[PDB]
Amino acid sequence: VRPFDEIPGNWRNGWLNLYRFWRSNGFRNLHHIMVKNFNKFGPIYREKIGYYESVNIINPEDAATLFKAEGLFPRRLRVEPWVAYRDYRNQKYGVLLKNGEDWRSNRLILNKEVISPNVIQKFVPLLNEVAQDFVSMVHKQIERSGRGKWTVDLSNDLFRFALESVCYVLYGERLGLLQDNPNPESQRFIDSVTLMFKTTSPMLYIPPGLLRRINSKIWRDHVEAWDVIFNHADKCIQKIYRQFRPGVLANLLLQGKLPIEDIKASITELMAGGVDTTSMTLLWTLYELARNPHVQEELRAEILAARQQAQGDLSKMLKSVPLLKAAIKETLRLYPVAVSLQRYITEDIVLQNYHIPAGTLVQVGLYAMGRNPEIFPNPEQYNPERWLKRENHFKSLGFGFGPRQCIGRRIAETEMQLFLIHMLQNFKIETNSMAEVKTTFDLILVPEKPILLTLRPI
Ligand code: HEM
Ligand SMILES: CC(C)=CCC[C@@H](C)[C@H]1CC[C@H]2[C@@H]3CC=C4C[C@@H](O)CC[C@]4(C)[C@H]3CC[C@]12C
């Protein structure tokens, strides 16, 4: 086998690479940087930028060997800003920040009430309710606008649908974000959530302790945002104990399997993990459905057929939409919520004939895989057919893979399906202009400029 010190890449000028990363852009084009590296060093490259070093792969086969050596307690990179807040406020770590035995001990409890098929069917009526209210809002706006159209940037509205839905199944209450005049308690909560995501982007590389040392507003606004999010969790917890004398939070407080401190930590991290993720995916999807109207009709045809063969039963209808679940994989292929999965190797492995010493951070380039003509034929075309009647697990890594995969993947899928089912039944999504839209990096994959979509009743 080839030694580690022979892997291609730029690990020999890490300090010059740190200069090239911050001199211009860089923190906005990490997804484009990876593609170039793979198109320059091959199916595997080793990179070092400052004190950061890692081995990267693109072939789904290599992701196999990677996930087989992650260990019993897989460890990804950490969210420095989010961890810094828990240390400052002496809060417990949730299922996302924990590692080792504590994560495993938690994950298993959380899985019974978040990802198990038993509770997924209990979430269907809840998610569908929010999905029905979103369609009502779109009709109202279309009525006002006249001519039966509504050209709008659904960015903010989709963010509200994501937050409204996740908080419905987690806390067991409707925040009312989809109204025309939401109550100030929810308007301040969504603003705090938004400010929280907006303040993490800067501290993903800039050490949080450094911004705290200079009393930067970035650090202060971050703490102020998490405070509101944690206080809204206490507000719920208190109401639930008052009602003792339903939601994920209520069931965890009933079973009394985890401490309230560990329950409050996880319930919060669960919300953060699926508010910006589901919202942007639902946006990229609506965008590609408008650039590819043939796919939108093909889906609409299948959903209308499933509506009648199911006889109202959403459970049956959700099992009868294979092309819809394939469209979700297709969106996550061109626009992955995370440009890479990270796993700290716990055993010496070999990838592409190269010894990878234990402890090494190996990343799986999801954005580069989904756009490689080799792994995916016709990559730049949105064709959900490529996923049906095909097999492929290591090609659809959008929600990760393994014991520490996305614990809310079923909640996300269900929510995104119910959304598309209700939206395609009532409206046709038309692109205001066939002009190209560019992708940038900031926490996730977001469009450079707003996406303007027209919604006509059908
Ligand atoms: C389109 C929607 C979503 C996408 C694409 C997505 C994607 C991902 C990915 C790639 C991971 C890491 C997987 C890995 O490292 O192997 C992850 C982890 C996680 N996701 Fe999501 N996610 C979505 C929605 C949600 C939702 C709705 C929730 C609700 C709780 C959620 C909660 C979490 C949590 C808590 C983790 C970390 C769990 C752990 O590390 O043990 N996500 N997600
Ligand atoms: C909730 C979810 C998305 C799961 C895991 C949580 C957490 C481990 C991940 C999610 C996104 C990561 C960044 C993503 C991309 C990059 C660019 C990479 O080329 C360099 C690293 C970097 C910035 C990652 C940093 C840590 C984050 C936030």
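Summarised in this report is the structure supplied together with it. (Residues numbered from 1 in each chain as written, not as in the entry; some residues may be left out. Chains lettered and ligands numbered in written order. Heavy atoms only, no water.)

## Examining the pattern of salt bridges
In a structure, side chains of opposite charge can pair up when their charged atoms sit close to one another. Counted according to the given criterion, the structure contains 25 salt bridges. Between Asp313 and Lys316 there is a salt bridge, with the nearest N and O atoms lying 3.3 Å from each other. By relative accessible area, which is 43% here, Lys316 ends up partly exposed. Two residues, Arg386 and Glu330, come together in a salt bridge whose shortest N-O distance is 3.0 Å. Of this pair, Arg386 sits in the loop between α17 (366-369) and α18 (409-426) while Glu330 sits in helix α16 (residues 322-334), and the two are 56 residues apart along the sequence. The class of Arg386 is buried, set by a relative accessible area of 15%. For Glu330, a relative accessible area of 0% corresponds to the buried category. Salt bridges linked by common partners bring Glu129, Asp133, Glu164 and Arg174 together as one network. (Salt bridge = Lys/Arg side-chain N within 4 Å of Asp/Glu carboxyl O. Buried < 20%, exposed > 50% of the residue type's maximum accessible area, 1.4 Å probe, protein only. Helix = DSSP H or I, 4+ residues; strand = E, 2+ residues; numbered from the N terminus.)

## Observations concerning the site of ligand 2
All residues in the neighbourhood of ligand 2 are listed as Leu30, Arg76, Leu77, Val79, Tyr205, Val339, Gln342 and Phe441. Taken together, the residues of the shell around ligand 2 sort by class into six nonpolar, one polar and one charged. (Near = heavy atom within 4 Å. Nonpolar A, V, L, I, M, F, W, Y, C, P; charged D, E, K, R; others polar.)

## Structural notes on the site of ligand 1
As a structural note, the neighbourhood of ligand 1 is formed by 26 residues, with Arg76, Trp103, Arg107, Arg343 and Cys406 the closest of them. Measuring from an oxygen atom of ligand 1, one finds a side-chain N or O atom of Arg107 at 2.8 Å. One of the side-chain nitrogen or oxygen atoms of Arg404 is found 3.0 Å away from an oxygen atom of ligand 1. Secondary-structure elements contributing two or more residues to the shell around ligand 1 are α5 (101-114), α12 (260-273), α13 (276-291), β4 (340-344) and α18. Sort the elements by how many residues they give to the shell around ligand 1 and α13 lands first, with three residues. In terms of residue class, the shell around ligand 1 is made up of 13 nonpolar, nine polar and four charged. (Polar contact = N/O pair within 3.5 Å; in protein donor to acceptor, adjacent residues only side chain to side chain.)

## Focus: the coordination of the iron atom of ligand 1
Among protein residues, the single donor to the iron atom of ligand 1 is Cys406 (SG), with a metal-donor distance of 2.3 Å. Relative to the elements of secondary structure, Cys406 occurs in the loop between α17 and α18. (Donors = N, O, S within 2.8 Å, 3.2 Å for Na, K, Ca; no water.)

## Quick look at the state of the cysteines
In this structure the tally under the stated criterion is zero disulfides. With no disulfide of its own, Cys167 has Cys236 as its nearest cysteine by sulfur position, at a separation of 8.2 Å. (Disulfide = S-S within 2.5 Å.)

Nothing here speaks to function; it is geometry throughout.
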